[PDB]
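What follows is a set of notes on a single structure, which appears directly below.
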Amino acid sequence: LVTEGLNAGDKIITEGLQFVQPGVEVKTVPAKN
Amino acid sequence: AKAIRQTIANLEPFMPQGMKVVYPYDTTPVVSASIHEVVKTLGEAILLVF
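Protein chains in written order, with the entry's author numbering: chain K, 310 to 342; chain G, 303 to 352.
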């Protein structure tokens with residue numbers, strides 16, 4: 310659960326955390342799990 | 303010193319956002335300019351004696 314920091318309808322990342330770094334434009338895909 | 307520059311160039315993109323590496327003090331231009339003064343005064347010496 311989160312109490313503050315996220316909002317409704319945002320998009321957080323589950324798959325592909327070794328490939329990313331905050332501040333780069335990147336392709337999105339909805340993950341399975 | 304050039305290997306330290308390339309090591310920081312390797313470790314640079316994985317730092318958190320807003321962190322940049324700066325080089326305030328350095329003695330590499332002192333040694334480089336001194337040995338360049340020596341090479342150019344040796345060139346002036348050999349050409350002027352010529």
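Where a beta carbon is used, it is the ideal one built from N, C-alpha and C, also for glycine.
Distance from the CA atom of G:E346 to the CA atom of G:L313, rounded to whole angstroms, is 43 Å. By alpha-carbon distance to K:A340, the top candidate from K:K320, K:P331, K:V333 is K:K320.
Assignment of G:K342 by DSSP, reduced to helix, strand and coil, places it in the helix class. Between the alpha carbons of G:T329 and K:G332 lies a distance of about 34 Å.
Cβ-Cβ separation between G:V324 and G:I310: approximately 10 Å, too far for a contact (criterion under 8 Å). Note on geometry: alpha-carbon atoms of G:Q308 and G:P315 lie some 12 Å from one another.
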